[PDB]
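Working notes, structure below.
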Amino acid sequence: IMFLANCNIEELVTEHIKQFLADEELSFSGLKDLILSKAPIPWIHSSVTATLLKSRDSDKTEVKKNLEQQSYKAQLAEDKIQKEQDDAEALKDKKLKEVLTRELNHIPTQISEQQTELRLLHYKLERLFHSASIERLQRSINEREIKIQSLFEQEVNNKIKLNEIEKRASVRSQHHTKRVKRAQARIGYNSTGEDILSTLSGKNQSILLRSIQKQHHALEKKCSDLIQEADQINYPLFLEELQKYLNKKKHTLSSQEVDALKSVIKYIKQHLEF
Numbered sequence: 002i003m004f005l006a007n008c009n010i011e012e013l014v015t016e017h018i019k020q021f022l023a024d025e026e027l028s029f030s031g032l033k034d035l036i037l038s039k040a041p042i043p044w045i046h047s048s049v050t051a052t053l054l055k056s057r058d059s060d061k062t063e064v065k066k067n068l069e070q071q072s073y074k075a076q077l078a079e080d081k082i083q084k085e086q087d088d089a090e091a092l093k094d095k096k097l098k099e100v101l102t103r104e105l106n107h108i109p110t111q112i113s114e115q116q117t118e119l120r121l122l123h124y125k126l127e128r129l130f155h156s157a158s159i160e161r162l163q164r165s166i167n168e169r170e171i172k173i174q175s176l177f178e179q180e181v182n183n184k185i186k187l188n189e190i191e192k193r194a195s196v197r198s199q200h201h202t203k204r205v206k207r208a209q210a211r212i213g214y215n216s217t218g219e220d221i222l223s224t225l226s227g228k229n230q231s232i233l234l235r236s237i238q239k240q241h242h243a244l245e246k247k248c249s250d251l252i253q254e255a256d257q258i259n260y261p262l263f264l265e266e267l268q269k270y271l272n273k274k275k276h277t278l279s280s281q282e283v284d285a286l287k288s289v290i291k292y293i294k295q296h297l298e299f
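With the UniProt record's numbering as the guide, the letters of the sequence shown map in order to residues 2 to 130, 155 to 299.
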């Protein structure tokens, strides 16, 4: 679970004070100055501070992993969706390209056919000079010409649609390249834990980095506050524990040394200023 959020700061400082006072070789003049200092014991505040930093580091590592894992999976899912849609569009365009091309390869034949029939109609009309006979040849001619116009329009339209297919193909090819690059990054990430960012699109890297930045700043602050707290309570706790140490006799101080330290201690304790 979490360290910083679950830190009892008083219990931590106490544990570190006790560990320090486990030293049975502390000296009179050493202890005397520490009492006189009315300040955090520097050795002890250092050790509490290192513990808090390690704890902060552990928290930061953990939440980063949670957020990275969220971003990793979301991008993977996006990429699988885009792949299926690209694949489906590709199949559709493949079929369209075939029909358009099959029609295109037949249009010159149709035009030739229509033109041949149109030529015979002009020949037949020339030979009429009823009508009736004349008017219905005219209508046949008009139909042939519209048909030929339509074929020429059919041709250029199929060519445009073939071009727009090439454009959509190029886009799918680009989408694929990027997916391959992210998939390559996943090989590296899944083996070292590094380079999460190359598995994400630019927009997703952004979302990931903001969530991490917010969390890291927060934990950094929380750690600074815990250090400041531990600083505030260090000295009074040490004085309490030192008294116990001075009564337990697990130490190398003479009876006179002990009494001399108690004199300094009571001087602090009965102080008119603090």
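Using N, Cα and C, we set each Cβ at its ideal position, and we do this for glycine too.
Check the Cα spacing between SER175 and each of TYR124, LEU37, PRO109, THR202: the tightest is with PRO109.
Here the alpha carbon of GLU170 sits roughly 60 angstroms from the alpha carbon of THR224. Restricting attention to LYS39, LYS186, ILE173, the CA atom closest to the CA of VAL100 is found in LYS186.
By the neighbour-count criterion, in which a residue is buried when 16 or more other Cβ atoms sit within 10 angstroms of its Cβ, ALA255 is buried. Residue burial is scored here from C-beta neighbours: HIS17 has at least 16 other C-beta atoms within 10 angstroms and is therefore classed as buried. The continuous alpha helix (DSSP H) containing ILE10 extends over residues 10–22. Here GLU69 is buried, its C-beta having at least 16 other C-beta atoms within 10 Å. Residue range 158–217 is occupied by the alpha helix (DSSP H) that includes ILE159.
The beta carbon of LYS65 sits closer than 6 angstroms to those of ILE237, all from its chain and outside the five residues before and after it, given in chain order. Between the C-alpha atoms of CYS8 and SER56 there is a straight-line separation of about 9 angstroms. Judged by DSSP in its simplified three-state form, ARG128 adopts coil rather than helix or strand.
By the CB criterion at 8 angstroms, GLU90 and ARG197 fall inside the cutoff.
Straight-line measurement puts the Cα of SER48 at about 36 angstroms from the Cα of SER72. Distance between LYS93 and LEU233, taken at the CA atoms: about 36 angstroms.
In the displayed model, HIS46 falls within a helix according to three-state DSSP.
8 angstroms or more divides the Cβ of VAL283 from the Cβ of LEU37.
Spanning the alpha carbons of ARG207 and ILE221 requires a straight line of approximately 10 angstroms. The residue among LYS19, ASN106, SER165 with its C-alpha nearest the C-alpha of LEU122 is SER165. Setting aside the 5 residues that flank it on each side, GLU104 is surrounded in the same chain by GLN179, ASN183, each with a C-beta closer than 8 angstroms to its C-beta; the list follows chain order. Pairing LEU297 with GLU219, the inter-Cα distance amounts to about 59 angstroms. Taking a cut-off of 8 angstroms for Cβ pairs, the region 188–195 and the region 28–45 do not touch, as fewer than three such pairs fall below it. Distances from the CA of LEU97 to each of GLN295, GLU266, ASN188, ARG204 were compared; the closest alpha carbon is that of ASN188. Distance check between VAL14 and each of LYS291, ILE293, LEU264 places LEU264 closest, using alpha-carbon atoms only.
Assignment of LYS228 by DSSP, reduced to helix, strand and coil, places it in the helix class.
In the three-state reduction of the DSSP assignment, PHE29 falls in the helix class, which pools H, G and I.
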